[PDB]
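Remarks on the structure that follows.
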Amino acid sequence: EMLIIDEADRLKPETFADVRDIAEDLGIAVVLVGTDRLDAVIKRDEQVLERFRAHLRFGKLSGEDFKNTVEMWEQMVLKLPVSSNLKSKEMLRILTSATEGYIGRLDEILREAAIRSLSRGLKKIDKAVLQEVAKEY
DNA sequence: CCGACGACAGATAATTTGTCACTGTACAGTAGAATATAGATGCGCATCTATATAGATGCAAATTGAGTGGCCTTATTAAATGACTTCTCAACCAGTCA
(Lines give C-alpha, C1' and ligand atoms only; values in the text may rest on other atoms or scores of the structure.)
Protein backbone atom coordinates (compact mmCIF):
# COMPACT_ATOMS: atom_id res chain seq x y z
CA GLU A 1 0.00 0.00 0.00
CA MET A 2 3.05 2.32 0.55
CA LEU A 3 6.87 2.78 -0.13
CA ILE A 4 8.81 5.43 1.87
CA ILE A 5 11.94 7.03 0.37
CA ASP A 6 14.22 8.75 2.89
CA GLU A 7 16.71 11.38 1.77
CA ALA A 8 14.91 11.39 -1.56
CA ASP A 9 17.35 13.83 -3.09
CA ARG A 10 20.05 11.21 -3.35
CA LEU A 11 18.15 9.90 -6.37
CA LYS A 12 19.65 10.61 -9.76
CA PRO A 13 17.25 12.60 -11.91
CA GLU A 14 16.35 9.77 -14.22
CA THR A 15 15.27 7.42 -11.47
CA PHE A 16 12.22 9.41 -10.83
CA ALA A 17 10.64 7.96 -13.96
CA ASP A 18 10.82 4.51 -12.26
CA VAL A 19 9.40 5.97 -9.02
CA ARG A 20 6.43 7.60 -10.90
CA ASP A 21 5.87 4.44 -13.02
CA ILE A 22 5.63 2.30 -9.80
CA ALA A 23 3.21 4.73 -8.22
CA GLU A 24 0.96 4.97 -11.33
CA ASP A 25 0.92 1.32 -12.56
CA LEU A 26 0.33 -0.33 -9.13
CA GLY A 27 -1.77 0.76 -6.15
CA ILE A 28 1.21 1.81 -4.09
CA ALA A 29 1.53 5.15 -2.35
CA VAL A 30 5.03 6.55 -2.51
CA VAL A 31 6.21 9.00 0.12
CA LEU A 32 9.28 11.19 -0.43
CA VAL A 33 10.98 12.46 2.74
CA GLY A 34 13.50 15.30 2.83
CA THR A 35 14.91 18.83 3.49
CA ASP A 36 14.15 22.09 1.55
CA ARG A 37 16.77 21.13 -0.92
CA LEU A 38 14.52 18.32 -2.06
CA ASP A 39 12.06 20.78 -3.37
CA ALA A 40 14.74 22.65 -5.13
CA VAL A 41 15.50 19.44 -6.96
CA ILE A 42 11.88 18.56 -7.59
CA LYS A 43 10.99 21.93 -9.12
CA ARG A 44 13.40 21.08 -11.92
CA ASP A 45 10.78 18.71 -13.33
CA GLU A 46 7.13 19.29 -13.78
CA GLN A 47 6.34 15.62 -14.28
CA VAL A 48 7.43 14.82 -10.71
CA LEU A 49 6.40 17.90 -8.91
CA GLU A 50 2.81 17.21 -9.83
CA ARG A 51 2.72 13.53 -8.83
CA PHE A 52 4.01 14.61 -5.38
CA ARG A 53 2.41 18.00 -4.84
CA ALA A 54 0.74 17.29 -1.47
CA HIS A 55 2.99 17.53 1.56
CA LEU A 56 3.21 17.68 5.32
CA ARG A 57 5.71 19.97 7.04
CA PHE A 58 7.64 19.46 10.28
CA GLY A 59 8.45 22.57 12.27
CA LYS A 60 10.39 23.75 15.29
CA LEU A 61 9.43 23.85 18.98
CA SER A 62 8.35 27.02 20.71
CA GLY A 63 6.51 28.61 23.59
CA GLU A 64 4.49 26.15 25.62
CA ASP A 65 5.40 23.32 23.32
CA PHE A 66 9.08 23.64 23.81
CA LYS A 67 8.50 24.09 27.63
CA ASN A 68 6.20 20.97 27.90
CA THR A 69 8.69 18.88 25.83
CA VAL A 70 11.70 19.49 28.16
CA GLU A 71 9.74 17.71 30.97
CA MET A 72 8.88 14.82 28.55
CA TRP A 73 12.62 14.47 27.89
CA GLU A 74 13.48 14.57 31.60
CA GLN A 75 10.76 11.93 32.39
CA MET A 76 10.98 9.58 29.32
CA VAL A 77 14.72 9.87 28.36
CA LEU A 78 16.78 11.23 31.29
CA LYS A 79 15.11 9.42 34.28
CA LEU A 80 17.67 10.87 36.76
CA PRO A 81 17.84 10.00 40.55
CA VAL A 82 16.04 13.31 41.39
CA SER A 83 14.39 15.93 39.14
CA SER A 84 16.37 18.79 37.53
CA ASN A 85 12.98 20.47 36.72
CA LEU A 86 14.28 21.75 33.35
CA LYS A 87 10.91 23.44 32.47
CA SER A 88 11.88 26.11 35.12
CA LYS A 89 12.50 29.58 33.58
CA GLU A 90 16.32 30.05 33.85
CA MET A 91 16.92 26.42 32.68
CA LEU A 92 14.48 27.01 29.78
CA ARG A 93 16.41 30.18 28.69
CA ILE A 94 19.76 28.28 28.79
CA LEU A 95 18.15 25.45 26.71
CA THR A 96 16.38 27.89 24.36
CA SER A 97 19.53 29.60 23.28
CA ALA A 98 21.34 26.28 23.09
CA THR A 99 18.71 24.36 21.10
CA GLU A 100 16.75 26.90 19.00
CA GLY A 101 13.74 24.57 19.06
CA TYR A 102 15.18 21.52 17.35
CA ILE A 103 14.27 18.28 19.02
CA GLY A 104 17.66 16.92 17.94
CA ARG A 105 19.67 19.41 19.87
CA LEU A 106 17.35 18.99 22.83
CA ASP A 107 17.96 15.18 22.57
CA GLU A 108 21.78 15.58 22.22
CA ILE A 109 22.18 18.36 24.85
CA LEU A 110 20.10 16.48 27.41
CA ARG A 111 21.81 13.06 26.81
CA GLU A 112 25.28 14.72 27.09
CA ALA A 113 24.33 16.84 30.15
CA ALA A 114 22.77 13.78 31.88
CA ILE A 115 25.87 11.64 31.06
CA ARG A 116 28.14 14.50 32.30
CA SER A 117 26.08 14.97 35.49
CA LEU A 118 25.99 11.21 36.32
CA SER A 119 29.72 10.67 35.57
CA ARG A 120 30.44 13.59 38.03
CA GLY A 121 28.02 11.87 40.50
CA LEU A 122 25.44 14.72 40.29
CA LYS A 123 21.88 13.35 40.93
CA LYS A 124 20.45 16.31 38.87
CA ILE A 125 21.50 18.93 36.26
CA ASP A 126 22.22 22.57 37.54
CA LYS A 127 22.95 25.98 35.88
CA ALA A 128 26.72 25.88 35.53
CA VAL A 129 26.95 22.24 34.23
CA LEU A 130 24.34 22.81 31.51
CA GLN A 131 26.13 26.08 30.49
CA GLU A 132 29.47 24.15 30.29
CA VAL A 133 27.78 21.70 27.86
CA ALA A 134 25.88 24.43 25.92
CA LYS A 135 29.06 26.57 25.46
CA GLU A 136 30.57 23.70 23.28
CA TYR A 137 27.97 24.39 20.48
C1' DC B 1 -18.67 93.52 56.35
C1' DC B 2 -14.86 91.39 53.60
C1' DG B 3 -12.96 87.78 50.66
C1' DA B 4 -13.31 83.88 47.38
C1' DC B 5 -15.71 81.09 43.62
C1' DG B 6 -19.34 80.06 39.90
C1' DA B 7 -22.99 81.76 35.78
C1' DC B 8 -23.69 84.41 32.15
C1' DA B 9 -22.36 87.55 28.88
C1' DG B 10 -18.75 90.13 26.13
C1' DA B 11 -14.34 91.04 23.75
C1' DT B 12 -10.03 88.91 21.77
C1' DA B 13 -5.76 86.78 19.51
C1' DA B 14 -4.36 81.72 17.94
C1' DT B 15 -5.66 78.59 14.26
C1' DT B 16 -7.00 77.44 9.88
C1' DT B 17 -8.02 78.66 5.21
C1' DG B 18 -7.66 81.37 1.34
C1' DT B 19 -5.37 84.75 -1.91
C1' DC B 20 -1.34 87.05 -3.91
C1' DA B 21 3.45 88.21 -5.21
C1' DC B 22 8.31 86.76 -5.62
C1' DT B 23 11.52 82.74 -6.42
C1' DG B 24 15.02 78.28 -6.61
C1' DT B 25 15.45 74.92 -9.83
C1' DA B 26 15.17 71.39 -13.75
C1' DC B 27 14.67 71.09 -19.06
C1' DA B 28 19.04 70.42 -21.00
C1' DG B 29 22.05 62.33 -24.94
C1' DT B 30 22.34 58.53 -20.77
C1' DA B 31 22.37 53.41 -15.48
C1' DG B 32 20.82 49.01 -17.55
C1' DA B 33 25.15 46.96 -17.67
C1' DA B 34 29.80 44.51 -16.88
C1' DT B 35 32.04 40.58 -14.54
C1' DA B 36 32.87 36.98 -11.81
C1' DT B 37 31.11 32.41 -9.54
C1' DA B 38 28.40 27.70 -8.70
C1' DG B 39 25.35 24.16 -10.32
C1' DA B 40 22.90 21.22 -13.47
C1' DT B 41 22.59 19.03 -18.15
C1' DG B 42 24.02 17.01 -22.46
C1' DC B 43 27.18 14.97 -26.36
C1' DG B 44 31.30 12.55 -27.35
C1' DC B 45 34.98 9.09 -26.72
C1' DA B 46 37.52 5.70 -24.30
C1' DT B 47 37.53 1.45 -21.38
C1' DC B 48 36.05 -2.17 -19.93
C1' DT B 49 32.74 -6.56 -19.31
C1' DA B 50 30.00 -10.98 -20.68
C1' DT B 51 28.30 -13.91 -24.40
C1' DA B 52 29.40 -16.62 -28.10
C1' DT B 53 31.49 -19.27 -30.11
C1' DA B 54 33.75 -23.15 -34.28
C1' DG B 55 37.93 -25.52 -34.54
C1' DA B 56 40.94 -28.76 -32.46
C1' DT B 57 41.71 -32.74 -29.37
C1' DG B 58 41.09 -36.73 -26.51
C1' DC B 59 38.58 -40.87 -25.86
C1' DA B 60 35.36 -44.68 -26.00
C1' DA B 61 32.40 -48.07 -28.30
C1' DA B 62 31.11 -50.41 -32.94
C1' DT B 63 31.96 -52.71 -35.93
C1' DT B 64 35.18 -54.64 -39.84
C1' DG B 65 38.37 -56.89 -42.36
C1' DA B 66 42.05 -59.90 -41.69
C1' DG B 67 44.05 -63.51 -39.64
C1' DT B 68 44.99 -68.15 -36.67
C1' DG B 69 43.71 -72.55 -34.25
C1' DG B 70 41.15 -77.13 -33.66
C1' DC B 71 38.68 -81.41 -35.51
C1' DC B 72 38.87 -85.68 -39.47
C1' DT B 73 38.48 -94.86 -41.73
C1' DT B 74 40.96 -98.15 -44.53
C1' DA B 75 42.61 -102.44 -47.24
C1' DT B 76 41.85 -105.92 -51.51
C1' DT B 77 39.16 -107.31 -56.45
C1' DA B 78 36.58 -105.88 -60.73
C1' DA B 79 34.82 -102.48 -64.82
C1' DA B 80 35.01 -97.36 -66.98
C1' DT B 81 37.75 -92.80 -68.52
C1' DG B 82 42.27 -90.21 -68.93
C1' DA B 83 47.62 -91.00 -69.20
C1' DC B 84 52.92 -93.29 -69.02
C1' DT B 85 56.65 -97.25 -70.11
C1' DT B 86 58.59 -101.59 -72.85
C1' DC B 87 58.78 -104.79 -77.17
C1' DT B 88 58.19 -105.86 -82.25
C1' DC B 89 57.94 -104.18 -87.43
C1' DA B 90 64.23 -110.09 -92.29
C1' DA B 91 64.23 -111.45 -97.53
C1' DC B 92 65.44 -115.97 -101.19
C1' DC B 93 66.42 -120.56 -101.04
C1' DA B 94 64.85 -125.22 -101.03
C1' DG B 95 61.00 -128.75 -101.87
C1' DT B 96 56.32 -129.80 -105.00
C1' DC B 97 52.95 -129.31 -109.10
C1' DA B 98 49.75 -128.61 -113.40
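Naming works like this for the C-alpha coordinates: A, B, ... for the chains as they're shown, residue 1 at the start of each chain, ligands 1 onward in shown order.
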
Identify every residue of chain B that has at least one atom within 12 Å of any atom of chain A, counting only C-alpha atoms (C1' of nucleotides), and report the result as a VMD selection string. chain B and resid 39 to 41

Need the shell around region 116-123 of chain A: protein/DNA/RNA residues with any atom at most 10 Å away, counting only C-alpha atoms (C1' of nucleotides). Skip same-chain ones fewer than 4 positions apart. Format as a count of residues only? 12

Considering only strand (DSSP E or B) as DSSP defines it on the backbone, what residues of region 25-98 of chain A qualify? List them as a PyMOL selection string. chain A and resi 29-32

Residues near residue 17 (chain A), cut-off 12 Å, only C-alpha atoms (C1' of nucleotides), skip fewer than 2 positions along chain, as a PyMOL selection string: chain A and resi 11-15+19-25+45-49+51

DSSP-assigned alpha helix (DSSP H) among region 27-98 of chain A, expressed as a ChimeraX atom specification: /A:36-42,46-51,63-73,89-98

When you look at residue 64 (chain A) with a cut-off of 12 Å (counting only C-alpha atoms (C1' of nucleotides)), what residues show up, excluding the ones that are within fewer than 3 positions of it in the same chain? I need them as an mmCIF file with N, CA and C atoms, in the first residue's frame.
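In the end it all went to around-v4.cif:
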data_model
loop_
_atom_site.group_PDB
_atom_site.id
_atom_site.type_symbol
_atom_site.label_atom_id
_atom_site.label_comp_id
_atom_site.auth_asym_id
_atom_site.auth_seq_id
_atom_site.Cartn_x
_atom_site.Cartn_y
_atom_site.Cartn_z
ATOM 1 N N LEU A 61 10.094 23.659 17.691
ATOM 2 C CA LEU A 61 9.425 23.850 18.981
ATOM 3 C C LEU A 61 9.448 25.290 19.459
ATOM 4 N N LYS A 67 8.593 24.273 26.161
ATOM 5 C CA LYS A 67 8.499 24.086 27.628
ATOM 6 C C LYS A 67 8.008 22.693 28.044
ATOM 7 N N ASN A 68 6.842 22.271 27.557
ATOM 8 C CA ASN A 68 6.201 20.969 27.905
ATOM 9 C C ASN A 68 7.124 19.814 27.497
ATOM 10 N N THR A 69 7.797 19.944 26.349
ATOM 11 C CA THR A 69 8.695 18.879 25.829
ATOM 12 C C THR A 69 9.859 18.649 26.805
ATOM 13 N N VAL A 70 10.480 19.692 27.363
ATOM 14 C CA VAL A 70 11.695 19.485 28.165
ATOM 15 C C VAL A 70 11.411 18.561 29.359
ATOM 16 N N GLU A 71 10.229 18.669 29.969
ATOM 17 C CA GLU A 71 9.740 17.709 30.967
ATOM 18 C C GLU A 71 9.580 16.300 30.386
ATOM 19 N N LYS A 87 11.944 22.468 32.869
ATOM 20 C CA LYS A 87 10.908 23.443 32.473
ATOM 21 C C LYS A 87 10.884 24.739 33.310
ATOM 22 N N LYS A 89 12.270 28.466 34.518
ATOM 23 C CA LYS A 89 12.497 29.581 33.576
ATOM 24 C C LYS A 89 13.967 29.794 33.181
ATOM 25 N N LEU A 92 15.065 26.824 31.101
ATOM 26 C CA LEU A 92 14.475 27.013 29.778
ATOM 27 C C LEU A 92 15.243 28.029 28.945
ATOM 28 N N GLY A 101 14.906 25.362 19.389
ATOM 29 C CA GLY A 101 13.740 24.571 19.061
ATOM 30 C C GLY A 101 13.876 23.264 18.293
#

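CA of residue 135 (chain A) is found 8.1 Å from CA of residue 98 (chain A).
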
Proximity to residue 91 (chain A) - best of A:54, A:28, A:128, A:8, only C-alpha atoms: A:128

Of the residues A:39, A:7, A:1, A:65, which is the one nearest to residue 27 (chain A), using only C-alpha atoms? A:1

Go through A:2, A:30, A:125, A:109 and flag the residue nearest residue 137 (chain A), using only C-alpha atoms for the distances.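 So, comparing all the options, the nearest one is A:109.
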
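Residues in contact with residue 102 (chain A) at up to 8 Å, not including ones fewer than 3 positions away on its chain and judged by only C-alpha atoms (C1' of nucleotides), are residues 60, 61, 99, 105 and 106 of chain A.
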
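Going from CA of residue 74 (chain A) to CA of residue 134 (chain A) covers 16.8 Å.
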